[PDB]
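Below is one structure; the comments refer to it alone.
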Amino acid sequence: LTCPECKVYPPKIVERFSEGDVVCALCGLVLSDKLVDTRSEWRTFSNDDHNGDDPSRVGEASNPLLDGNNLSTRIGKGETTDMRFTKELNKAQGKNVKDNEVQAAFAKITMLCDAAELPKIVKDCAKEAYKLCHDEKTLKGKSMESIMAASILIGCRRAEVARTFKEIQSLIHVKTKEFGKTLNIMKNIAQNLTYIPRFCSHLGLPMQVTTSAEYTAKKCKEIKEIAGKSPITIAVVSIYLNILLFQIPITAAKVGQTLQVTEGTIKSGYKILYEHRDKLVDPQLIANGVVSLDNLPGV
Amino acid sequence: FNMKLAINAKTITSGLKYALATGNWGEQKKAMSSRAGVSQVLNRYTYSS
Amino acid sequence: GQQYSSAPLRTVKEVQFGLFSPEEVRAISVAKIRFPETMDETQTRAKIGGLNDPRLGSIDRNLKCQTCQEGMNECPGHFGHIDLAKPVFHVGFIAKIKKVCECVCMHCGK
Amino acid sequence: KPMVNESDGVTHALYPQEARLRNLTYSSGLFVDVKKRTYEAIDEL
Amino acid sequence: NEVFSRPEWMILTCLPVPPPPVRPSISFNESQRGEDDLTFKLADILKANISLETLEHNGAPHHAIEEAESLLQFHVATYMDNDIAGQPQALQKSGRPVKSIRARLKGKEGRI
Amino acid sequence: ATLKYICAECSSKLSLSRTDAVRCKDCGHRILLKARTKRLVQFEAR
Amino acid sequence: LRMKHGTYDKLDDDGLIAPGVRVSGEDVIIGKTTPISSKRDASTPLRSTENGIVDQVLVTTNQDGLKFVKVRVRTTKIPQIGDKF
Amino acid sequence: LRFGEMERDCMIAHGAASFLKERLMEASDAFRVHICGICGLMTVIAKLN
Amino acid sequence: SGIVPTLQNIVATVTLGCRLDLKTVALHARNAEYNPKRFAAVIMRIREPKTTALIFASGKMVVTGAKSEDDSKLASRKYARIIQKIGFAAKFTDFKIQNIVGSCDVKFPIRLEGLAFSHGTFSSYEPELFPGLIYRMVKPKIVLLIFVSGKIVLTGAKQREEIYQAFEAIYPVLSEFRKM
RNA sequence: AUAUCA
Ligand SMILES: [Mg+2]
Ligand SMILES: [Zn+2]
Ligand SMILES: [Zn+2]
Ligand SMILES: [Zn+2]
Ligand SMILES: [Zn+2]
Ligand SMILES: [Zn+2]
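Line by line, the protein sequences give chains A, B, C, D, E, F, G, H and I. This note's numbering puts the first residue of the first sequence at 1338, with every later residue one more than the last. This note's numbering puts the first residue of the second sequence at 38, with every later residue one more than the last. This note's numbering puts the first residue of the third sequence at 1462, with every later residue one more than the last. This note's numbering puts the first residue of the fourth sequence at 404, with every later residue one more than the last. This note's numbering puts the first residue of the fifth sequence at 582, with every later residue one more than the last. This note's numbering puts the first residue of the sixth sequence at 66, with every later residue one more than the last. This note's numbering puts the first residue of the seventh sequence at 174, with every later residue one more than the last. This note's numbering puts the first residue of the eighth sequence at 12, with every later residue one more than the last. This note's numbering puts the first residue of the ninth sequence at 348, with every later residue one more than the last.
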């Protein structure tokens, strides 16, 4: 819209919703009189009416981004209904029904996220990653239970939900090298800090320990003390340093068990970091019990 | 027979959350006849209320 | 407002109820309606020559209403047709149809 | 006792006030002992 | 009446399709879009139609056709009236029954 | 000077910006408040 | 697009009014946009029939971590004519 | 507000023919169509311009 | 600079032109392995140049392990002579180098994450999966494995110049992302 | 849909 009388390039116009008019703010000419409430109009599509009494409720919302435009009701039981005609009209929908059934692979993603404790924004990215790569010739014939296992880490890597590839190896399934190549052909079409909360919780450490481990691990990387060790190992090692520094300790066996790393490996990172333990700790860390920097195992 | 794949937690979790929230005491987002108003928001106008 | 039309302004004096002859339904229609797709020319932002405005009514603060133009606050919206594969009963008559069969010969139509 | 599973994995206790403010649910975990036995016979025991 | 209402005109052969004003759509935010229950019910009629047309054209299996016809019969019928005695209601995903045309005119709060 | 947000329980000031992490420094609790405007408000004493 | 005729000046650059500012009808408490393409206005204005001073404003994330903000507005209602007792 | 059925009745009782027409038209709903003289339908493609 | 990549492995193919009886080949060769159940080829070896050959029934042969193009052709002719000596009507034809691998050391540590962010469309870096950055060069079409240590691997070349070309092209980039 | 208002 632009005022026919004035015409200034930045067309300064207001929507006086309350009087249901669209006005030109300069000359005051009314540019439109019919004006509709979009909130209440949207209430007619997505309501709270599941019973069926609302006369205002007359439509339904859909998702054109995920399921395209497939409008379709379902034959079901009503108040006055014979259980015979429901069966026939449903047995008649069976002859009219392959790819309109591969949408049940969304039910595979939804049941995987809920088994992996994943948010509602991750499922919808995993379902959009799967819809745009399951019929690709670039994926061709990859393990069909390992291409949807790869599109879940694609949806997590945008929704900022920290999930290692070994965390999705535990869910399903994953063949490592098989869902690692598939996680790249689709990509063409974590850190220390990520694990620390969970590992610490299982460890049963206090916030103080978590924060310091978190600070050490970052510094370890910043310092580049651990050249190429896996972040999981770095984190487990840092957790070892901080915890040992505090009162409630945790052993390598226990840390490794939670981090799902091996003591030997944690040892490997730990000793690399130990030399710069001083630099690593948070500045206002309070070593307690009897574990000061000098005394830390050093192992 | 992977356990995590077998038991769907969301079944009972969101199944109760639905009832308590909306108030249609039944399963689930496909409710009728279900009895609406079983669960409702607590009046906090006055203490007696 | 709502713009001027040279057409004579008159009042409705009689209302003549009736049923739609399929010939007429076809004759009024301004679009064929071939596809169960709303709009989305496959992931797009325009109506599909198939369901709502295949040639039909206009919405979305945009004139395009088949020559008619005008747009929303003038266009009444014009009908499309759908050609059914086999005859079906109009639910409302189903009984008047039944009664008519009950009155006439199911072979000669007398 | 009532708990909450935050976005960053960590689970911790949850008091009624935090529930009302962060619009959470004041719920606790349900855990059940499960056992999976296996049996076999040839062509009653 | 020979002019305005011949009995041959009671059985539906062609279906007048109402324009958007009668069944408004709303385009929210590119991943949210709302269509009217009629637009849903129509799409089912169409889908059921396109199906039965292909069946007759192809090798007509008699009993697999009349099976698809009485599906079409249902969708067309349930679109004008969803509150039919004896028949199952057409439902819309959320469990709520489709607002048929009859039902928009009917009650107090109806169009009348 | 300047306290962008305050803590709900421990009442320690926070002063954080966009994408800094919605949590308090020492205590966990993601609650956090807003702290009054420096644009002093005047009221009629009636 | 489609901005509210109300005023947006009381918003700090985080899109919120700081607590203590006095508000009034049609004024914008919470500034929001729903980018789609540049972007439409999805802001929250104070009810047009009311007014008062902002009491408290809190910023949080929820069960899945969606940033969401609650704004409290305080008024003092002094017995008027049609007031029931 | 709703000038409902019972209000229509009072106006009909008063004999306020033009006051009623106004409430129902000018004060609400009122619209203009072009109809055909042969088949009294809203079919007319009014390219009024 | 001053660094020039060292060739580490050359893979070549040769058509012998006649069908072979693998049990016979394996039996008569001085340094052969043959287990039909594991792989369908005789794995034959010679001491000079030190190489390994995969010999098929079709008469096709793959020769690998050489450090120079000269050594590759030399060892290939030698394998062909062995087949002849065993009695088949083999011919040394279609010698073609299919892959050349090279490596070097730039002598400084590299910031792989920075490089991956900067050269995102050519890079692939998942340190938990594999510690090196996989860089897919357009011209020449060579794949480089880049490590934090500064050690570099170049592969996918059909000609030696491509190995040399790619390194020359990558060096400025490695310098831009150094640690000390 | 609940609660409520005369
Ligand atoms: Mg009274
Ligand atoms: Zn103007
Ligand atoms: Zn028109
Ligand atoms: Zn007869
Ligand atoms: Zn605090
Ligand atoms: Zn006409």
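Where is the CB? At the ideal position from N, CA and C, for every residue including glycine.
Would you check if the distance between the CB atom of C1340 (chain A) and the CB atom of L1372 (chain A) is smaller than 8 Å?
No, these two residues do not count as a Cβ contact at 8 Å.
Euclidean distance between Cα positions of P1537 (chain C) and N1523 (chain C)
C-alpha separation (whole angstroms): 14 Å.
Show which residues of chain G have a CB atom less than 7 Å away from the CB atom of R425 (chain D).
What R425 (chain D) touches in chain G: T233 and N235.
The region 1551-1564 of chain A: which residues have C-beta closer than 7 Å to a C-beta of chain I, in chain order?
Residues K1561 and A1564.
For a quick check, are the C-beta atoms of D200 (chain G) and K212 (chain G) less than 8 Å apart?
Not closer than 8 Å, so no.
Tell me whether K103 (chain F) is buried or exposed, calling it buried when 16 or more other Cβ atoms sit within 10 Å of its Cβ.
Classification of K103 (chain F): exposed, given that the 10 Å Cβ count is below 16.
CB of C1562 (chain C) to nearest heavy atom of ligand 4: below 7 Å?
No, since every heavy atom of ligand 4 falls outside the 7 Å radius drawn around the Cβ of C1562 (chain C).
Classify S431 (chain D) as helix, strand or coil using the three-state DSSP reduction.
Of the three classes helix, strand and coil, the one that applies to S431 (chain D) here is strand, per DSSP.
Can you tell me the Cα-Cα spacing of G1541 (chain A) and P1401 (chain A), whole angstroms?
Straight-line Cα distance between these residues: approximately 45 Å.
Could you spell out where the beta strand (DSSP E) holding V657 (chain E) opens and where it closes?
Counting along the chain, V657 (chain E) falls outside any beta strand (DSSP E), though it belongs to the alpha helix (DSSP H) covering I646 to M661.
With distances taken between CB atoms, is the gap from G1541 (chain C) to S1482 (chain C) smaller than 8 Å?
Cβ atoms of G1541 (chain C) and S1482 (chain C): not closer than 8 Å.
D1461 (chain A) vs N45 (chain B) beta-carbon contact at 8 Å:
Contact check for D1461 (chain A) against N45 (chain B) fails: the beta carbons are separated by 8 Å or more.
What distance in whole Å lies between the Cβ atoms of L1403 (chain A) and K1464 (chain A), which are believed to be in contact at a cut-off of 8 Å?
Between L1403 (chain A) and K1464 (chain A) the Cβ distance is about 6 Å, and since that is below 8 Å, they are a contact.
Would you list the residues sitting across from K407 (chain I) in a DSSP beta bridge?
The partner list for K407 (chain I) (beta bridge, DSSP) reads I:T362.
In chain order, what residues have a CB nearer than 6 Å to some heavy atom of ligand 2?
Chain-ordered list of matching residues: A:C1340, A:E1342, A:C1343, A:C1361, A:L1363, A:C1364 and A:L1366.
Chain C residues whose Cβ lies nearer than 7 Å to that of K58 (chain H):
By Cβ distance, chain C contributes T1528 and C1529.
Let me check understanding here. Comparing Cα to Cα, which of I:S450, I:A388 and I:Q355 lies closest to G497 (chain I)?
Ranking the options by Cα distance to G497 (chain I), first place goes to I:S450.
Would you check if there are 3 or more beta carbon pairs closer than 8 Å linking the region 1514-1528 of chain C to the region 432-446 of chain D?
Fewer than three beta-carbon pairs drawn from the region 1514-1528 of chain C and the region 432-446 of chain D are found closer than 8 Å, and the two stretches are therefore not classed as touching.
Report the neighbours of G51 (chain H) on chain C: residues whose CB is nearer than 7 Å to its CB, in chain order.
Those within 7 Å of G51 (chain H) in chain C are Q1477.
Please indicate yes or no: does the CB of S77 (chain F) lie closer than 7 Å to some heavy atom of ligand 5?
Checking the Cβ of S77 (chain F) against ligand 5 gives yes.
State the DSSP-derived secondary structure class of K1560 (chain C), mapped to helix, strand or coil.
Helix.
Exposed or buried, what is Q1545 (chain A) when buried is set at 16 or more other beta-carbons lying within 10 Å of its beta-carbon?
Buried, because 16 or more other Cβ atoms sit within 10 Å of the Cβ of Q1545 (chain A).
Compute the minimum distance between the beta carbon of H94 (chain F) and the heavy atoms of ligand 5, and state whether it is under 7 Å.
Proximity of the beta carbon of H94 (chain F) to ligand 5 is indicated: a heavy atom of the ligand is located closer than 7 Å.
Got a sec: is the Cβ-Cβ distance from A68 (chain B) to anything in chain E below 8 Å?
Closer than 8 Å to the CB of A68 (chain B) there is at least one CB belonging to chain E.
Near ligand 4: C50 (chain H) beta-carbon under 7 Å from a heavy atom:
Checking the 7 Å criterion, the Cβ of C50 (chain H) is out of range of every heavy atom belonging to ligand 4.
Contacts around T411 (chain I), its chain only, beta-carbon distance under 6 Å, and the 5 residues preceding and following it disregarded
Counting only Cβ-Cβ distances below 6 Å, and skipping sequence neighbours, we find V358 and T399.
Rounded to the nearest angstrom, how far is the Cβ of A1550 (chain A) from that of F1516 (chain A), given a contact under 8 Å?
The beta carbons of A1550 (chain A) and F1516 (chain A) sit about 30 Å from each other, so the pair does not count as a contact at 8 Å.
Quick one: what's got a C-beta closer than 6 Å to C47 (chain H)'s C-beta in the same chain, skipping five residues either side?
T54 and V55, listed in sequence order.
Run through the DSSP bridge pairs and tell me what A1398 (chain A) is partnered with.
E:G615, per the DSSP bridge assignment.
Quick one: does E395 (chain I) have its CB under 8 Å from some CB of chain A?
For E395 (chain I), no CB of chain A lies under 8 Å from its own CB, so it is not counted at the interface with that chain.
Smallest Cα separation from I1576 (chain A): which of A:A1362, A:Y1611 and A:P1620?
Here the closest residue by C-alpha is A:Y1611.
What are the start and end residues of the beta strand (DSSP E) that includes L1368 (chain A)?
Looking at the DSSP string, the run of the beta strand (DSSP E) that includes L1368 (chain A) is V1367 to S1369.
Have a look at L417 (chain D) and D1472 (chain A) and give me their C-alpha separation to the nearest angstrom.
The alpha-carbon atoms of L417 (chain D) and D1472 (chain A) are separated by roughly 45 Å.
At least one CB of chain C closer than 8 Å to the CB of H25 (chain H): is that the case?
For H25 (chain H), the answer is no, since every Cβ of chain C falls outside 8 Å of its Cβ.
Length of the line joining the Cα atoms of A100 (chain F) and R247 (chain G):
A100 (chain F) and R247 (chain G) have their C-alpha atoms roughly 15 Å apart.
Where the beta strand (DSSP E) containing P597 (chain E) begins and where it ends
Residues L593 to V598.
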